[PDB]
């Protein structure tokens, strides 16, 4: 999580899409979904990102509906966005033991207990937290089985981006759990 604000310049694809759904939270605007192979994915927009400005207009107090409308009407040659990096999330580094365990249990993406004497315990991992990312890889809507595989197939260093359940549940409302699975960018980013 980068310690401040950044500018991203976007250009609609040949269909007029940027590949982004936005959700009103606490009078801000947050990224609900980033489409794979969209302008939004290429410039590095992330689920949970805060959008402070679009074309140097303040987003404060906008409905989800208005934010989507503003994006529709943009002279898409170039769109400037001001972004606060994943303000509701935090990152935890843990180390697998001799058995390839970091030391927790999750269910529907949500960490549910921590295992006594684990790296997860030593690093103060919290329950009632949804897994958003693993080593930078968005994992939102994947089956539990696929998240395990990403942990299994990760280095011995595992980085996890977590979000308080209540907040996570408030962002993903009004988007079906098939779109999450299907359309949420789950790719390692390009260079």
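Residue numbers count along the first chain shown, from 1.
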{"item": "Average Cα temperature factor in the PDB entry - higher stretch of 133-141, 150-158", "value": "150-158"}
{"item": "Between 173-181 and 9-17 (mean CA B-factor, as deposited), the higher", "value": "173-181"}
{"item": "Out of 112, 73, 118, 91, residue topping the C-alpha B-factor column of the entry", "value": "73"}
{"item": "Chain thirds of CA B-factor: placement of residue 79", "value": "highest"}
{"item": "Third of the chain's Cα B-factor distribution that residue 123 belongs to, per the entry", "value": "middle"}
{"item": "Lowest, middle or highest third - CA B-factor, residue 50", "value": "lowest"}
{"item": "Residue 96, C-alpha B-factor rank within chain (lowest, middle or highest third)", "value": "highest"}
